[PDB]
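Report on the structure given below.
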Amino acid sequence: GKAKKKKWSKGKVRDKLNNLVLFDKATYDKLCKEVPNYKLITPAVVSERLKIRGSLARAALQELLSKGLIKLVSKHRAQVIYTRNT
Amino acid sequence: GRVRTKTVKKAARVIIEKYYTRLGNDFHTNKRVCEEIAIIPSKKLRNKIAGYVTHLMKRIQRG
Amino acid sequence: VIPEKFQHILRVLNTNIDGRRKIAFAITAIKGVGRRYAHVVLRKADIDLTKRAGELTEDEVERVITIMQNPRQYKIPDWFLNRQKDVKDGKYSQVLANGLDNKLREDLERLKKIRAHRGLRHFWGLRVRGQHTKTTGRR
Amino acid sequence: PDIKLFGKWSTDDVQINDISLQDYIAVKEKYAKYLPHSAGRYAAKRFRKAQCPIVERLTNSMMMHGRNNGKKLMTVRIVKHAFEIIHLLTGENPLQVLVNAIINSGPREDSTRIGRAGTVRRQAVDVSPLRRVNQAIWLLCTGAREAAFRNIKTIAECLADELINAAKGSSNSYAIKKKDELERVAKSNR
Amino acid sequence: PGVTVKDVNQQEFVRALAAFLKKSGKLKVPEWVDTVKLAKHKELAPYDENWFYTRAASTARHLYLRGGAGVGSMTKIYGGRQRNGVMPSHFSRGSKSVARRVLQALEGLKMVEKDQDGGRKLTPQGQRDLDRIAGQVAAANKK
Amino acid sequence: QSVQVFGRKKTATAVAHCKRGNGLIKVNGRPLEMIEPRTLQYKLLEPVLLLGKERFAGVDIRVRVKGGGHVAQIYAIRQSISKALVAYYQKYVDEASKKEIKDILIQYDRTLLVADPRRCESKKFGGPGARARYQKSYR
Amino acid sequence: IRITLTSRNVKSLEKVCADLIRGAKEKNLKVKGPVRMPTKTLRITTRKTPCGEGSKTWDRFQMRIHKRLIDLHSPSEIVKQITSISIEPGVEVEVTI
Amino acid sequence: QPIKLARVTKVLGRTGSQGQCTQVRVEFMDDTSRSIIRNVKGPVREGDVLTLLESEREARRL
Amino acid sequence: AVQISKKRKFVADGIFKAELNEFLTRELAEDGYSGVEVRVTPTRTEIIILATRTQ
RNA sequence: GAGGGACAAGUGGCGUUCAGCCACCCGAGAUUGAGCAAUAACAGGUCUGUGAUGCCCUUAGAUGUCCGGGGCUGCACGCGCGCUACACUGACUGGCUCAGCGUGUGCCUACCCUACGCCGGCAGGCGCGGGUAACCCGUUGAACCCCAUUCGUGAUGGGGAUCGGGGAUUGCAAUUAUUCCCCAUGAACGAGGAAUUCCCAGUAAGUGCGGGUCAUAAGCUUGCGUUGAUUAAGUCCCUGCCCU
Ligand SMILES: [Mg+2]
Ligand SMILES: [Mg+2]
Ligand SMILES: [Mg+2]
Ligand SMILES: [Mg+2]
Ligand SMILES: [Mg+2]
Ligand SMILES: [Mg+2]
Ligand SMILES: [Mg+2]
Ligand SMILES: [Mg+2]
Ligand SMILES: [Mg+2]
Ligand SMILES: [Mg+2]
Ligand SMILES: [Mg+2]
């Protein structure tokens with residue numbers, strides 16, 4: 001029936017924002033080109049800053065880890081800790 | 001915490017009035033002296049009476 | 001590493017729309033496919049679980065829909081299915097999105113024809129297994 | 001005979017640059033320890049809470065809100081990640097910026113009521129340094145929690161961001177926001 | 001030197017023990033576990049395909065630990081928390097069919113000896129197998 | 001030459017049999033490196049990481065615990081080692097070194113030699129816990 | 001051959017134990033110890049009231065059942081010789097060969 | 001607009017409708033040994049160094 | 001032949017004590033009733049009634 | 001089981017010789033939690049506790065006691081104690097790892113606790129064994145927690161309410177109430193306005209187990225354990241009570 005609630009707080013971040021499921025061509029190219037410029041390779045910053053999901057972000061970070069460009073410092077449950085040498 | 005009962009202070013005053021030369025400044029000796037010279041069923045009451053007896057000794061011997 | 005495959009939205013059984021998050025969690029979006037049945041159909045279809053829903057062969061999609069429309073040919077015994085023995089046919093089968101609502105309407109229609117009190121409480125705005133209705137079941 | 005250290009740290013030359021918070025932060029050599037998960041029995045005496053290490057205090061204030069109420073292994077793990085994130089962000093030692101955050105993360109004087117049974121005025125009076133440390137840790141953990149609420153960022157990540165934006169005078173952290181919220185009322189009722 | 005499964009870390013041990021059981025093919029899996037079997041009383045199916053080998057390896061470790069357990073004993077060894085939704089949770093046991101399955105499979109592959117006063121216990125052949133696998137896991141760790 | 005020193009955490013008891021040897025810590029047959037929480041692999045190492053290595057190489061200790069909780073067993077092992085060294089330095093080595101190593105342990109922490117008089121209180125017949133009560137009802 | 005003294009009151013338990021050890025020291029029998037069993041306790045919680053007025057205030061009744069065991073290996077004639085003892089009714093005697 | 005520091009000499013007593021502040025006659029470190037009485041809410045001992053923001057204040061409540 | 005537990009035989013004996021004591025204070029209300037003492041003996045079960053008027 | 005051990009004792013300050021507070025040490029403890037708890041009231045509740053009872057009604061077409069159904073559950077609504085969630089400090093999967101009270105049989109009138117093997121996916125069945133108990137369940141291999149994977153801010157895989165089909169168990173009988181398991185349908189709920197409840201250290205809270213009714217049987221209650229906070233240690237402003 002009718003809807004009743006004692007609060008009114010609308011206007012969230014972005015309107016059911018879309019996010020990249022699979023990596024694109026130019027987007028993943030930009031990822032691989034400017035990813036050495038970062039200081040802390042963390043999946044949350046890679047996901048939110050560069051319009052990536054967490055799954056594709058962790059997949060790209062493990063792919064670059066297998067490539068050997070970014071050294072893992074201490075991997076754990078939810079705090080993946082990666083750092084570029086020099 | 002040491003706001004002890006009138007019967008505790010009264011028993012200690014009876015001890016210090018009857019037997020004064022038997023008592024000193026050491027609690028571990030005054031407790032055994034009070035158990036030789038009196039009958040107290042409760043060990044906490046023994047410790048409390050003997051402690052206030054030591055306090056009365058420190059008060060009388062000083063002033 | 002699967003750069004880009006031109007597949008976002010599929011059309012399954014004239015009503016359902018497949019998602020894009022996973023294959024085993026986009027088949028979940030079909031009404032009639034819940035939590036475990038999607039992973040069972042995936043294990044019968046032998047698809048890599050890491051792959052998305054938009055990275056999959058259309059022939060393999062037809063194979064998945066074949067497993068949907070007839071699961072009892074290969075495997076998946078009678079207990080795992082939704083539509084059990086009481087059909088008026090005895091057909092051990094899995095329901096479709098269009099078929100499940102039709103079977104529910106047939107259930108409610110024969111309950112109305114019997115005039116059983118379960119069908120009567122469903123015909124009214126009541127609860128069948130809602131044993132307390134003082135506070136429960138408002139508006 | 002080795003030096004006391006949290007992880008692979010040193011815990012040396014980390015000094016409080018001012019006074020009015022000395023001898024209440026346990027950063028020095030006489031109160032150093034390996035893990036924050038210590039024998040925390042610091043609630044019987046009135047003033048034995050000040051000898052607690054501030055990293056253990058940060059874990060204890062981090063564990064809140066029912067679903068995370070307890071779990072010292074989890075919150076010591078979060079602070080262990082957060083110190084490493086702070087270190088990987090441009091060096092700038094995490095114990096040192098934690099001391100700087102306790103110095104510059106909140107109150108100097110706060111508003112409260114006085115007697116006379118009259119008009120509610122909320123006059124700003126000076127606040128104890130113990131309560132400054134308490135409310136600073138409270139504002140830091142509250143800001144980290146409701147900054148990491150509903151995003152991909154972790155508790156350790158937003159706690160590290162909170163400590164960095166509170167040590168640096170950038171006014172982009174919730175501790176500095178409620179610091180401003182207190183001193184504007186303090187300047188009003190001064 | 002002296003290598004023991006108590007000395008070796010477990011999550012390096014069982015992760016290789018599943019592979020060294022796949023190398024020998026020491027698993028029977030008749031029809032229903034060929035098809036699908038869920039967890040204790042839960043929602044989903046386990047993810048990584050070698051979970052039967054993982055159950056057999058955990059069974060082997062627990063029969064190394066406690067000699068004399070059985071079906072319901074190992075069922076309560078596994079156990080778990082059963083979230084019932086609105087109604088609060090309790091402790092639910094595992095399953096009996098996988099327990100008798102893994103016991104019958106390892107007895108047929110000569111790794112479980114029956115106790116005349118109890119149930120499962122370690123065989124000397126399975127003892128040698130687990131000790132040499134712990135030795136090569138510790139060697140791969142120290143290498 | 002063998003001294004058995006005991007535990008005494010809240011509901012955790014660690015029997016530590018110490019004897020002269022070549023360097024061993026046996027925790028129910030499982031060595032020092034396998035601490036059951038990964039986070040607390042610095043707090044139980046405090047007789048190792050602070051006191052020295054020749055002391056470890058001189059004294060063999062085996063520890064068996066029948067405790068109740070994880071943190072309780074960790075502190076029971078910690079207290080049992082830190083008391084077992086003190087008791088072995090009572091029974092075999094001189095007091096001139098025993099008092100020095102005991103002062104080091106005490107000035108590091110009191111709980112390394114002093115037990116903790118903390119047990120959980122009884123649940124009250126009025127409220128849900130030991131101090132709390134249920135919610136009232138006014139108008 | 002063992003004898004179990006199952007008792008209701010611990011003071012009469014210790015009295016009959018002291019009497020039994022005092023009567024068993026002088027004979028040429030290897031008298032084993034009066035093994036202290038853990039005390040059994042039957043706690044019962046009660047509403048305190050026939051009608052429910054007031055706070056949830058509960059009676060908490062208890063018992064303290066004590067138990068001791070001794071081992072006296074002897075032939076049945078010596079067992080029947082030891083058996084005849086006048087005892088307080090708070091203690092019950094059982095034998096097991 | 002200076003910012004001064006002050007360590008506590010003596011503590012008079014707690015004050016307020018709740019008893020939440022504390023009349024503290026603190027002292028002046030940066031200047032000569034002058035005496036004002038301040039309200040310091042929260043726990044305080046003799047010797048607690050405290051940051052002041054105005055030195056022209058007043059003992060508030062009698 | 002038959003046996004029960006120690007945790008139940010004592011409470012059965014106590015219910016027997018209360019049953020006998022309160023039934024004797026029901027029916028022996030005429031003379032002065034004080035209490036009862038029962039000795040557990042497998043040969044002769046002795047029950048001692050302590051009464052004020054023993055007549 | 002007995003005895004010891006802690007008494008604000010020792011020091012310094014605050015206080016009138018005082019009564020007593022504060023900091024430290026030695027110490028396990030500078031004191032834990034309960035029971036009992038006066039003089040005297042409420043015209044508080046209970047005759048639905050009785051073979052405790054005064055007065056009134058009935059006693060043969062019964063207001064006695066049985067038998068067979070329905071009912072206390074019934075719904076436009078408001079209120080109270082609670083449980084589950086509104087998630088990423090998280091949900092799922094797998095591995096690892098730790099307990100404490102206490103209960104249990106042929107009953108002074110009906111009855112369990114459960115190991116082992118096989119079958120079934122599961123709820124369960126079958127055969128066999130121990131326990132009237134520190135012996136057998138049981139070295140109560142609990143949950144929470146810890147490690148690895150997946151999920152990625154989407155009312156999403158959180159939430160599981162409602163609802164259909166089937167399969168097991170007690171009970172003589174389960175459908176307009178049992179209970180448990182599988183499949184499927186997948187709502188509100190985005191941290192809650194006015195107001196309001198409890199709480200000072202192994203304490204609140206998270207979390208599981210045991211007893212009570214039980215046959216089926218806890219979301220209640222009583223107790224036990226695991227992890228374990230923040231901030232006061234002050235006051236008469238709000239409320240209630242006491243004294244003069
Ligand atoms: Mg139902
Ligand atoms: Mg109603
Ligand atoms: Mg009532
Ligand atoms: Mg009274
Ligand atoms: Mg009569
Ligand atoms: Mg009537
Ligand atoms: Mg409710
Ligand atoms: Mg019955
Ligand atoms: Mg319906
Ligand atoms: Mg309920
Ligand atoms: Mg109130």
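Just remember, in the structure tokens the first chain shown is A, the second B, etc., residues are 1-based per chain, and ligands are 1-based in the order shown.
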- Check which residues fall inside 6 Å of ligand 3 when counting only C-alpha atoms (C1' of nucleotides) and all ligand atoms, and print them as a PyMOL selection string. chain G and resi 51-53
Limited to C-alpha atoms, could you put the picked residues into a file as an mmCIF file, in the first residue's frame?
data_model
loop_
_atom_site.group_PDB
_atom_site.id
_atom_site.type_symbol
_atom_site.label_atom_id
_atom_site.label_comp_id
_atom_site.auth_asym_id
_atom_site.auth_seq_id
_atom_site.Cartn_x
_atom_site.Cartn_y
_atom_site.Cartn_z
ATOM 1 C CA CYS G 51 1.165 -14.876 40.562
ATOM 2 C CA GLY G 52 3.402 -12.679 38.449
ATOM 3 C CA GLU G 53 3.597 -9.327 40.221
#
- Message: Residues within 6 Å of region 4-11 of chain C, please, as number ranges by chain. Count only C-alpha atoms (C1' of nucleotides); anything in the same chain fewer than 6 positions from it doesn't count.
- Response: C: 17-18, 54-55
- Task: Identify all chain J residues at most 9 Å from chain A by counting only C-alpha atoms (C1' of nucleotides); ligands do not count. Present them as an NGL selection string.
- Result: :J and (88 or 147-148 or 150-152 or 154 or 190 or 192-193)
- Report as a list in words which protein, DNA and RNA residues come within 10 Å of ligand 7, using only C-alpha atoms (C1' of nucleotides) and all ligand atoms.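 Going residue by residue within 10 Å of ligand 7, we get residues 135 of chain C; 80, 81, 82, 83 and 219 of chain J.
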File of the preceding selection, N, CA and C atoms (P, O5', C5', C4', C3', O3' and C1' of nucleotides), as a PDB file, in the first residue's frame:
ATOM      1  N   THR C 135       0.056  -7.722  15.114  1.00  0.00           N
ATOM      2  CA  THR C 135       1.008  -6.723  14.648  1.00  0.00           C
ATOM      3  C   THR C 135       1.506  -7.033  13.241  1.00  0.00           C
TER       4      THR C 135
ATOM      5  P     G J  80       5.989   1.421  22.204  1.00  0.00           P
ATOM      6  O5'   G J  80       6.274   0.202  23.186  1.00  0.00           O
ATOM      7  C5'   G J  80       6.165   0.362  24.592  1.00  0.00           C
ATOM      8  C4'   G J  80       6.320  -0.952  25.313  1.00  0.00           C
ATOM      9  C3'   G J  80       7.535  -1.778  24.934  1.00  0.00           C
ATOM     10  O3'   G J  80       8.718  -1.335  25.569  1.00  0.00           O
ATOM     11  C1'   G J  80       5.629  -3.165  24.998  1.00  0.00           C
ATOM     12  P     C J  81      10.142  -1.566  24.867  1.00  0.00           P
ATOM     13  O5'   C J  81      10.513  -3.067  25.241  1.00  0.00           O
ATOM     14  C5'   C J  81      10.592  -3.476  26.598  1.00  0.00           C
ATOM     15  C4'   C J  81      10.679  -4.973  26.725  1.00  0.00           C
ATOM     16  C3'   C J  81      11.783  -5.645  25.933  1.00  0.00           C
ATOM     17  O3'   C J  81      13.049  -5.536  26.556  1.00  0.00           O
ATOM     18  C1'   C J  81       9.767  -6.866  25.692  1.00  0.00           C
ATOM     19  P     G J  82      14.379  -5.481  25.663  1.00  0.00           P
ATOM     20  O5'   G J  82      14.560  -6.981  25.167  1.00  0.00           O
ATOM     21  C5'   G J  82      15.155  -7.267  23.912  1.00  0.00           C
ATOM     22  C4'   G J  82      14.588  -8.528  23.317  1.00  0.00           C
ATOM     23  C3'   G J  82      15.135  -8.921  21.957  1.00  0.00           C
ATOM     24  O3'   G J  82      16.368  -9.612  22.054  1.00  0.00           O
ATOM     25  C1'   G J  82      12.773  -9.078  21.942  1.00  0.00           C
ATOM     26  P     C J  83      17.615  -9.183  21.140  1.00  0.00           P
ATOM     27  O5'   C J  83      17.445 -10.057  19.819  1.00  0.00           O
ATOM     28  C5'   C J  83      17.358 -11.474  19.879  1.00  0.00           C
ATOM     29  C4'   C J  83      16.840 -12.041  18.582  1.00  0.00           C
ATOM     30  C3'   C J  83      17.509 -11.506  17.326  1.00  0.00           C
ATOM     31  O3'   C J  83      18.718 -12.177  17.021  1.00  0.00           O
ATOM     32  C1'   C J  83      15.156 -11.428  17.065  1.00  0.00           C
ATOM     33  P     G J 219      15.976 -20.035  19.123  1.00  0.00           P
ATOM     34  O5'   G J 219      15.269 -18.646  19.452  1.00  0.00           O
ATOM     35  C5'   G J 219      16.028 -17.526  19.888  1.00  0.00           C
ATOM     36  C4'   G J 219      15.205 -16.258  19.954  1.00  0.00           C
ATOM     37  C3'   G J 219      14.122 -16.214  21.029  1.00  0.00           C
ATOM     38  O3'   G J 219      14.025 -14.881  21.525  1.00  0.00           O
ATOM     39  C1'   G J 219      13.146 -15.878  18.905  1.00  0.00           C
TER      40        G J 219
END
Return as a PDB file with C-alpha atoms (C1' of nucleotides), in the first residue's frame every polymer residue, whether protein, DNA or RNA, with at least one atom no more than 10 Å from an atom of ligand 1; count only C-alpha atoms (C1' of nucleotides) and all ligand atoms.
ATOM      1  CA  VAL C 128      -1.525 -18.784   5.140  1.00  0.00           C
ATOM      2  CA  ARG C 129       1.380 -19.464   7.517  1.00  0.00           C
ATOM      3  CA  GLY C 130       1.162 -16.091   9.287  1.00  0.00           C
TER       4      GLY C 130
ATOM      5  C1'   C J 163       4.590 -17.814  -1.182  1.00  0.00           C
ATOM      6  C1'   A J 177       0.354 -23.201  14.336  1.00  0.00           C
ATOM      7  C1'   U J 179       9.166 -29.222  13.785  1.00  0.00           C
TER       8        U J 179
END
- Could you tell me, counting only C-alpha atoms (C1' of nucleotides) and all ligand atoms, which protein and nucleic acid residues lie no more than 10 Å from ligand 8, written as a ChimeraX atom specification? /J:107,110-112,214-215
Please produce a file of the residues just selected, as a PDB file, in the first residue's frame, where the atoms kept are C-alpha atoms (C1' of nucleotides).
ATOM      1  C1'   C J 107      11.370 -43.111  37.512  1.00  0.00           C
ATOM      2  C1'   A J 110       6.461 -44.191  31.784  1.00  0.00           C
ATOM      3  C1'   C J 111      10.500 -42.717  30.555  1.00  0.00           C
ATOM      4  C1'   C J 112      16.009 -40.951  28.192  1.00  0.00           C
ATOM      5  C1'   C J 214       9.613 -30.928  26.182  1.00  0.00           C
ATOM      6  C1'   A J 215       7.280 -35.696  22.327  1.00  0.00           C
TER       7        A J 215
END
- Message: Can you pull out every residue with an atom within 9 Å of ligand 9? Use only C-alpha atoms (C1' of nucleotides) and all ligand atoms and format it as a ChimeraX atom specification.
- Response: /C:104,108,118-119,121-123,127-128 /J:162-164
Keeping only N, CA, C and O atoms (P, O5', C5', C4', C3', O3' and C1' of nucleotides), write the selected residues to a file as a PDB file, in the first residue's frame.
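Dumped everything to selection03.pdb:
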ATOM      1  N   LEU C 104       1.493 -21.441 -10.841  1.00  0.00           N
ATOM      2  CA  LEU C 104       0.957 -20.855  -9.613  1.00  0.00           C
ATOM      3  C   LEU C 104      -0.497 -20.427  -9.783  1.00  0.00           C
ATOM      4  O   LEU C 104      -1.310 -20.601  -8.866  1.00  0.00           O
ATOM      5  N   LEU C 108      -3.681 -21.840  -7.616  1.00  0.00           N
ATOM      6  CA  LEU C 108      -4.671 -20.990  -6.962  1.00  0.00           C
ATOM      7  C   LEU C 108      -6.064 -21.182  -7.548  1.00  0.00           C
ATOM      8  O   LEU C 108      -7.054 -21.106  -6.813  1.00  0.00           O
ATOM      9  N   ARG C 118      -7.011 -22.556   2.552  1.00  0.00           N
ATOM     10  CA  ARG C 118      -5.731 -22.011   2.110  1.00  0.00           C
ATOM     11  C   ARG C 118      -5.921 -21.099   0.903  1.00  0.00           C
ATOM     12  O   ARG C 118      -5.423 -19.963   0.873  1.00  0.00           O
ATOM     13  N   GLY C 119      -6.684 -21.571  -0.085  1.00  0.00           N
ATOM     14  CA  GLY C 119      -7.044 -20.729  -1.210  1.00  0.00           C
ATOM     15  C   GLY C 119      -7.932 -19.564  -0.828  1.00  0.00           C
ATOM     16  O   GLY C 119      -7.853 -18.500  -1.441  1.00  0.00           O
ATOM     17  N   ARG C 121      -7.787 -17.920   2.152  1.00  0.00           N
ATOM     18  CA  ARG C 121      -6.914 -16.929   2.771  1.00  0.00           C
ATOM     19  C   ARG C 121      -5.986 -16.288   1.753  1.00  0.00           C
ATOM     20  O   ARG C 121      -5.550 -15.149   1.951  1.00  0.00           O
ATOM     21  N   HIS C 122      -5.666 -16.991   0.664  1.00  0.00           N
ATOM     22  CA  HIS C 122      -4.909 -16.322  -0.386  1.00  0.00           C
ATOM     23  C   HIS C 122      -5.795 -15.410  -1.230  1.00  0.00           C
ATOM     24  O   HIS C 122      -5.316 -14.395  -1.747  1.00  0.00           O
ATOM     25  N   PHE C 123      -7.077 -15.756  -1.381  1.00  0.00           N
ATOM     26  CA  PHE C 123      -8.012 -14.901  -2.108  1.00  0.00           C
ATOM     27  C   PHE C 123      -8.292 -13.619  -1.337  1.00  0.00           C
ATOM     28  O   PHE C 123      -8.390 -12.539  -1.931  1.00  0.00           O
ATOM     29  N   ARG C 127      -2.716 -14.214   5.398  1.00  0.00           N
ATOM     30  CA  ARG C 127      -1.491 -14.997   5.368  1.00  0.00           C
ATOM     31  C   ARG C 127      -1.829 -16.446   5.678  1.00  0.00           C
ATOM     32  O   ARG C 127      -2.606 -16.725   6.596  1.00  0.00           O
ATOM     33  N   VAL C 128      -1.251 -17.370   4.913  1.00  0.00           N
ATOM     34  CA  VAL C 128      -1.525 -18.784   5.140  1.00  0.00           C
ATOM     35  C   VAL C 128      -0.759 -19.292   6.355  1.00  0.00           C
ATOM     36  O   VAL C 128      -1.335 -19.909   7.259  1.00  0.00           O
TER      37      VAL C 128
ATOM     38  P     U J 162       6.860 -15.295   6.862  1.00  0.00           P
ATOM     39  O5'   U J 162       5.947 -15.148   5.567  1.00  0.00           O
ATOM     40  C5'   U J 162       4.959 -14.132   5.493  1.00  0.00           C
ATOM     41  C4'   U J 162       4.559 -13.851   4.067  1.00  0.00           C
ATOM     42  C3'   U J 162       4.143 -15.061   3.250  1.00  0.00           C
ATOM     43  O3'   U J 162       2.786 -15.407   3.470  1.00  0.00           O
ATOM     44  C1'   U J 162       5.638 -13.713   1.994  1.00  0.00           C
ATOM     45  P     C J 163       2.329 -16.944   3.520  1.00  0.00           P
ATOM     46  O5'   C J 163       2.617 -17.483   2.049  1.00  0.00           O
ATOM     47  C5'   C J 163       1.807 -17.085   0.952  1.00  0.00           C
ATOM     48  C4'   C J 163       2.414 -17.525  -0.354  1.00  0.00           C
ATOM     49  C3'   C J 163       2.674 -19.016  -0.483  1.00  0.00           C
ATOM     50  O3'   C J 163       1.520 -19.746  -0.852  1.00  0.00           O
ATOM     51  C1'   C J 163       4.590 -17.814  -1.182  1.00  0.00           C
ATOM     52  P     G J 164       1.300 -21.230  -0.288  1.00  0.00           P
ATOM     53  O5'   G J 164       1.746 -22.161  -1.497  1.00  0.00           O
ATOM     54  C5'   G J 164       1.084 -22.087  -2.748  1.00  0.00           C
ATOM     55  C4'   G J 164       1.858 -22.806  -3.819  1.00  0.00           C
ATOM     56  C3'   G J 164       2.287 -24.223  -3.484  1.00  0.00           C
ATOM     57  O3'   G J 164       1.257 -25.175  -3.665  1.00  0.00           O
ATOM     58  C1'   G J 164       4.125 -23.048  -4.360  1.00  0.00           C
TER      59        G J 164
END
- residue 24 (chain I) surroundings by only C-alpha atoms (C1' of nucleotides), 10 Å radius, close-in-sequence under 6 positions cut, as a PyMOL selection string: chain I and resi 18+33-36+49
- Taking the backbone alone, and naming residues the way the document does, which bits of chain G are helix (DSSP H, G or I) by DSSP, as a ChimeraX atom specification? /G:10-24,76-83
Requested write-out: C-alpha atoms of the selected residues, as a compact mmCIF listing (two decimals), in the first residue's frame:
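So the final result, stored in part.txt, reads:
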# COMPACT_ATOMS: atom_id res chain seq x y z
CA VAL G 10 30.69 -32.30 54.61
CA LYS G 11 31.31 -32.01 58.36
CA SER G 12 29.82 -35.43 59.12
CA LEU G 13 31.67 -36.70 56.03
CA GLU G 14 35.00 -35.55 57.49
CA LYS G 15 34.04 -36.92 60.92
CA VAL G 16 33.23 -40.41 59.62
CA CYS G 17 36.34 -40.27 57.40
CA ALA G 18 38.53 -39.46 60.41
CA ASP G 19 36.80 -42.25 62.37
CA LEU G 20 37.36 -44.76 59.55
CA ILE G 21 41.04 -43.85 59.09
CA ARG G 22 41.52 -43.95 62.88
CA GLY G 23 39.98 -47.43 62.92
CA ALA G 24 41.95 -48.56 59.86
CA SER G 76 35.27 -60.90 52.19
CA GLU G 77 35.66 -61.94 55.84
CA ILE G 78 37.87 -58.91 56.53
CA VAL G 79 35.42 -56.79 54.50
CA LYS G 80 32.49 -57.95 56.66
CA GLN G 81 34.66 -57.32 59.74
CA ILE G 82 35.25 -53.70 58.66
CA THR G 83 31.60 -53.32 57.54
- Test item: residues lying within 12 Å of ligand 5 with only C-alpha atoms (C1' of nucleotides) and all ligand atoms, as number ranges by chain: I: 26-27; J: 51-53
Residue subset to file, keeping C-alpha atoms (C1' of nucleotides), as a PDB file, in the first residue's frame:
ATOM      1  CA  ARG I  26      -1.144 -33.400  60.091  1.00  0.00           C
ATOM      2  CA  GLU I  27      -2.397 -36.457  61.961  1.00  0.00           C
TER       3      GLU I  27
ATOM      4  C1'   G J  51      -7.692 -32.187  51.082  1.00  0.00           C
ATOM      5  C1'   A J  52      -5.831 -23.478  53.536  1.00  0.00           C
ATOM      6  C1'   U J  53     -10.466 -21.184  54.510  1.00  0.00           C
TER       7        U J  53
END
- Item | Atomic separation - CA of residue 1 (chain D) relative to CA of residue 84 (chain F), Å |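 Going from CA of residue 84 (chain F) over to CA of residue 1 (chain D) covers 19.9 Å.
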Counting only C-alpha atoms, which residues of chain F come no farther than 12 Å from chain G, as an mmCIF file with N, CA and C atoms, in the first residue's frame?
data_model
loop_
_atom_site.group_PDB
_atom_site.id
_atom_site.type_symbol
_atom_site.label_atom_id
_atom_site.label_comp_id
_atom_site.auth_asym_id
_atom_site.auth_seq_id
_atom_site.Cartn_x
_atom_site.Cartn_y
_atom_site.Cartn_z
ATOM 1 N N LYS F 124 22.915 -12.079 36.340
ATOM 2 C CA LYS F 124 21.902 -11.797 37.342
ATOM 3 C C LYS F 124 20.535 -12.313 36.903
ATOM 4 N N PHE F 125 19.674 -12.552 37.890
ATOM 5 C CA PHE F 125 18.339 -13.081 37.637
ATOM 6 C C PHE F 125 17.344 -12.013 37.211
ATOM 7 N N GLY F 126 17.766 -10.757 37.108
ATOM 8 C CA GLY F 126 16.879 -9.709 36.655
ATOM 9 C C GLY F 126 17.195 -9.229 35.255
ATOM 10 N N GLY F 127 18.481 -9.145 34.923
ATOM 11 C CA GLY F 127 18.904 -8.641 33.639
ATOM 12 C C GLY F 127 19.517 -9.706 32.753
ATOM 13 N N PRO F 128 19.942 -9.319 31.546
ATOM 14 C CA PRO F 128 20.514 -10.303 30.617
ATOM 15 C C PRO F 128 21.961 -10.653 30.923
ATOM 16 N N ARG F 133 20.366 -4.564 32.759
ATOM 17 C CA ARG F 133 18.979 -4.935 32.978
ATOM 18 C C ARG F 133 18.235 -4.844 31.654
ATOM 19 N N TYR F 134 17.002 -5.336 31.648
ATOM 20 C CA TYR F 134 16.182 -5.235 30.452
ATOM 21 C C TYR F 134 15.506 -3.868 30.390
ATOM 22 N N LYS F 136 12.652 -1.029 30.410
ATOM 23 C CA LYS F 136 11.465 -0.755 31.202
ATOM 24 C C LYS F 136 10.328 -0.306 30.284
#
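Reported to one decimal place, the separation of CA of residue 66 (chain G) from CA of residue 42 (chain I) is 21.1 Å.
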- Task: Name the closest residue to chain J among the candidates E:4, E:136, E:123, E:59; distances are taken between atoms, counting only C-alpha atoms (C1' of nucleotides).
- Result: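 Ranked by minimum distance to chain J, first place goes to E:59.
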- Neighbourhood of ligand 2 at 8 Å, counting only C-alpha atoms (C1' of nucleotides) and all ligand atoms, reported as an MDAnalysis selection string: (chainID C and resid 133:135) or (chainID J and resid 75)
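Taking only C-alpha atoms (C1' of nucleotides) and all ligand atoms into account, ligand 6 has within 12 Å the residues residues 48, 57, 58, 62 and 63 of chain J.
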- Write as a ChimeraX atom specification the residues around ligand 11, taking 9 Å as the cut-off and counting only C-alpha atoms (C1' of nucleotides) and all ligand atoms. /F:138 /J:196-197,239-240
- Message: Within 12 Å of ligand 4 (counting only C-alpha atoms (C1' of nucleotides) and all ligand atoms), which residues show up? I'd like them as a VMD selection string.
- Response: chain J and resid 36 to 41
